[PDB]
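This report refers to the structure that appears directly beneath it.
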Amino acid sequence: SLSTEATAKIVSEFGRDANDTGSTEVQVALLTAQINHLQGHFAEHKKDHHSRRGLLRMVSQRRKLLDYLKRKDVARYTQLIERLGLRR
Amino acid sequence: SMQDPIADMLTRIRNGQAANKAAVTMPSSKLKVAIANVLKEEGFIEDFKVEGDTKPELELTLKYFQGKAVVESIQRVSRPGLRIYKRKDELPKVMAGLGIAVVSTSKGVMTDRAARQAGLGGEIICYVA
Amino acid sequence: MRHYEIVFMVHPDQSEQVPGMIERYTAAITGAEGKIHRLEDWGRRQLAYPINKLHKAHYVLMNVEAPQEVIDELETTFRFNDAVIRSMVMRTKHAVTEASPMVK
Amino acid sequence: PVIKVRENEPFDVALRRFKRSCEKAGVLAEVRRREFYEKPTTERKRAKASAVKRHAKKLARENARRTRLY
Amino acid sequence: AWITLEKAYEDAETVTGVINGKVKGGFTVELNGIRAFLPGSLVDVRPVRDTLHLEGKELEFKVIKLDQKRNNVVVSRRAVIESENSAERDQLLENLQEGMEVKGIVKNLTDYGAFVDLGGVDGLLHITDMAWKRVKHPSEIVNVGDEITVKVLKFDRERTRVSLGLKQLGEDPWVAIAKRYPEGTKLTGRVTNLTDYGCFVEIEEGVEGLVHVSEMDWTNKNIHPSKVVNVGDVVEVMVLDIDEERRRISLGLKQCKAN
Amino acid sequence: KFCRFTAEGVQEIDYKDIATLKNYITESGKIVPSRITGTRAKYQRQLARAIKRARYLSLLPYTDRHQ
RNA sequence: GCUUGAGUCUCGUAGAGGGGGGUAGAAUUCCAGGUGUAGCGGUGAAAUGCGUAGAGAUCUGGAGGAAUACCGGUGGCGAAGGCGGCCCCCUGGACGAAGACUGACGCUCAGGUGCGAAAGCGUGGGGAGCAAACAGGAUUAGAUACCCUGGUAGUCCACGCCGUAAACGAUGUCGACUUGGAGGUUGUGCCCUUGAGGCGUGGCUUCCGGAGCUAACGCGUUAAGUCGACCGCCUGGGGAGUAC
RNA sequence: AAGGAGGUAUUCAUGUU
Ligand SMILES: [Mg+2]
Ligand SMILES: [Mg+2]
Ligand SMILES: [Mg+2]
Ligand SMILES: [Mg+2]
Ligand SMILES: [Mg+2]
Ligand SMILES: [Mg+2]
Ligand SMILES: [Mg+2]
Ligand SMILES: [Mg+2]
Ligand SMILES: [Mg+2]
Ligand SMILES: [Mg+2]
Ligand SMILES: [Mg+2]
Ligand SMILES: [Mg+2]
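Have a look at this one:
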């Protein structure tokens, strides 16, 4: 999973204080970092179907969070999917 | 998921009466309080109250007459999956008039008898016997 | 850095190389910013079952905090250094500095 | 089960010790279990059945102390 | 009654209680719900071949201890022994059988030595003080209660403990070897104990020499001794050095091979 | 029966302590059941791991007959 | 707007969860030797079979493949299929304590997508044991079987198919409510830990059971009581899960 | 193989063995 220090950096970048961990932006950013990390693992481990099920949950959760953000405040959504380098 | 808090309140009353509990409690809402007032004024429950500031809890003290529970049956009629509305002429008569149909008219929620006298239709929340 | 409990057992007739081996491995670990927390040369012990028809082999124990890469290299050294008969590296969650039951 | 003959111990006494030692290590039961292959489903079924009947007999006994037979 | 049994022990009570029997753990007692422990010299007072009076038949239960967690008492027939043993062991701790240069009345075989009581004291000793073979239990010279001979070495007479030695008499094999076996003589010996750093081969009665793992093979320095010679095998080794002071024989197998 | 690890506060059993582990193997060298020894299930699992690690390092024998 | 549903962060805990790579010991088989000699093996009883080119047995060394005794448990983990030596590397989920944060972000889901025992299929490996087909020997009125001696594909690996099972709890997922008891397992709080004690509070789990439900068997707070949301299916038996 | 006893089973010092 994601290290303690890596989570701390991301929370600082996307949250409006060190204690803002529940923001949609922070949640999407944490999910995106972990999703991007696991690509190397599943490049070497094409047969790890159990771990891949966990990864698909993460991808699915990021879509739900982005849908909420787009419907709730479109400007934050465009800014976020631009910083995080995500299509749609 | 909870998707019918009115049915949940009816269910708690039904289960509490069947289990001979003195009072039942549920999370509160203004629709629940309105239904509770109709029940109290028709004599199906003994009393109700609401306690709590941010997360109010509605408490109903149930009624038993000769050891037996007073509410013989209580069923949600209109439900999220199928809403029921009736015109003033088509209001139901629960138990040939010996029961009440809680009907949410435009002038508030009342019994079938009160709405029929006031010349209104509306949504039928529940049947109570 | 992770913690490692490394126990390797040497040929009884290479007993005099154990000091040297200890220093090399300690130097390798410590050069990679390592932290040797415990080091117990248990000495010549009677094997419970004959290994390669070799009773009475020389046990060494070493508890270490070091990067994974240096630990991998040390395990490879074991694989090739045909004086160490057996080795076992285990990952420990915390450092242990207390004397082992085999010390006394 | 490696029994060493003790001093003054007669052969019958030593032999009783050896037989009990083997029965304690369960050698003969192990060999009888490994004579033939049994499917994992058969093994699980047999294990579950023994547990069910053992539990039922314990409960039956623990209720038999309740009542008198005469 | 267990309270009263502990209180009667506080009185040094010598009661008529049912002994618990004879066992390798000494002697058991049984005082009305108190199973008593006592050692092999304190399990009964009768020094005979069947002490069932002390343990196994209603007999002396002595005041030796009261242990809640052990459910235990001093299960040994007191009020007989150690009583006159006061003056006897006074004369003993004054004499000790000529300062332990004396015989003793054996007790049993122990896991660390062989013990002969004195009657006011009680000594022990090693098993290899009257023999030299690789021993584990040396009791095969007498039964329990026989008369053995030892010389006193370390005796604590303020605790009633003794330790005599059995080598204060026997001619030293080492002295005859020093005149009989000069360095460089080859003789045959039987491997009594084998190690990875050396194998102990008994060449003569009571003489064990250490042949180093480096002296097992000149041309294959990495050969376990356990793979070349088995414990009990008879091998010819050349005496390289004799350390009489340390009672050590350095034996060389390397001289049979070629460097 | 009473577990001798819960009453001592032991966190990890340790495979380098060949005195406790010898009490928990039989003469043949197999691990004694927890039903006999009264050890708890959590410490039983730790204990079995420690015995297997000790066997690999030849601190304990796998069986009574290979030696 | 709000914080109670749903999520995030902080510290730990247990686990045959998954993938990759190493290694250990026992055993089976084969090979080469030494000792040794007339049987071995198999069965209800035999025979085929192996053995004087020296078997079986016993000891020593070697090769190789496959699986991990004991622990082991109506124990645990996983959505299911399923997962069992020990070590390392990569990785998924669950739970608990206290606190902070977001502020309904939820539930269900046709179509679709993915995973999915064993057998089987393709391509190449590997092959100790076991073993369809097959060969022989018996049994039998017959024996294309059960029994015996062998024995190929297959079982193992890598990469692709296949998509199915009594894939079963024969019990769709989510949520709420409704008397109890004895246990297991994994956390945590408190009290005198007086010494494995006492007292609480969470998760998962086995067995009894009350009201109520059940044609009945049963079920029962992990329902098959009482309710709500959404999806899947059923409409006599055979023909037939067949034809087109 | 047959019977008897104890339990759902052990705490029952270790040592000795
Ligand atoms: Mg997370
Ligand atoms: Mg579908
Ligand atoms: Mg297959
Ligand atoms: Mg194939
Ligand atoms: Mg092939
Ligand atoms: Mg066959
Ligand atoms: Mg099907
Ligand atoms: Mg299945
Ligand atoms: Mg099943
Ligand atoms: Mg079905
Ligand atoms: Mg039931
Ligand atoms: Mg078809």
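Chains as they are written, first to last, in PDB author numbering: chain P, 2 to 89; chain I, 2 to 130; chain G, 1 to 104; chain V, 2 to 71; chain B, 94 to 352; chain S, 9 to 75. We put the beta carbon where it would ideally sit given N, CA and C, even for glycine.
Item	Value
Inter-residue Cα distance where the pair is B/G291 and B/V327	15 Å
Below-8 Å beta-carbon distance, V/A26 vs any chain S residue	yes
Cβ neighbour criterion (16 or more within 10 Å) applied to I/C127	buried
Within chain S, partners of V/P2 - CB distance below 7 Å	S36
Validate contact between the segment 320-335 of chain B and the segment 269-283 of chain B using beta carbons, cut 8 Å, 3 pairs	yes
Environment of S/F10 [buried if 16+ CB atoms lie within 10 Å]	exposed
Selected residue, minimal CA-CA separation from I/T106, among I/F49, I/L99, I/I125, I/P93	I/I125
Among G/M102, G/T97, G/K35, G/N81, the one whose alpha carbon lies nearest that of G/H11	G/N81
Straight-line gap, P/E14 to I/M27 (C-alpha atoms, nearest Å)	42 Å
Among B/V255, B/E99, B/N236, the one whose alpha carbon lies nearest that of B/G212	B/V255
Inter-residue spacing [alpha-carbon to alpha-carbon] between B/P318 and G/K53	9 Å
Backbone secondary structure at P/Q62 - three-state DSSP	helix
Three-state secondary structure assigned by DSSP to B/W225	coil
N-terminal and C-terminal residue of the beta strand (DSSP E) that I/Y128 is part of	123-129
Chain G within 8 Å of S/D25, Cβ atoms only	yes
Residue environment, P/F43, which counts as buried when at least 16 other CB atoms sit within 10 Å	exposed
Three CB pairs or more closer than 8 Å across the segment 45-59 of chain V and the segment 109-126 of chain B	no
8 Å Cβ shell around S/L65 - same chain, five flanking residues per side excluded	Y23
Inter-stretch contact at 8 Å, needing at least 3 Cβ pairs: the segment 167-181 of chain B / the segment 133-151 of chain B	yes
Residue burial classification, B/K347 (beta-carbon count within 10 angstroms, cutoff 16)	buried
7 Å Cβ cut-off: residues of chain S touching G/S100	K24
Cβ-Cβ distance between B/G299 and B/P266 below 8 Å	yes
Proximity winner among I/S30, I/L83, I/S74, relative to I/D54 (alpha-carbon distances)	I/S30
B/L152 versus S/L68: straight-line alpha-carbon distance, rounded	47 Å
Span separating the alpha-carbon of B/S179 from that of B/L185	9 Å
Test: B/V294 CB closer than 8 Å to a CB of chain G	no
For G/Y49, the nearest candidate out of S/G46, S/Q54, S/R48, S/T71 (CA to CA)	S/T71
The segment 268-275 of chain B in contact with the segment 202-210 of chain B per 3-pair CB rule at 8 Å	no
B/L189 versus B/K200 - alpha carbon distance	17 Å
N- and C-terminal bounds of the alpha helix (DSSP H) containing B/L189	178-192
S/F13 (DSSP reduced to helix, strand or coil)	coil
G/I51 in three-state terms, based on DSSP	coil
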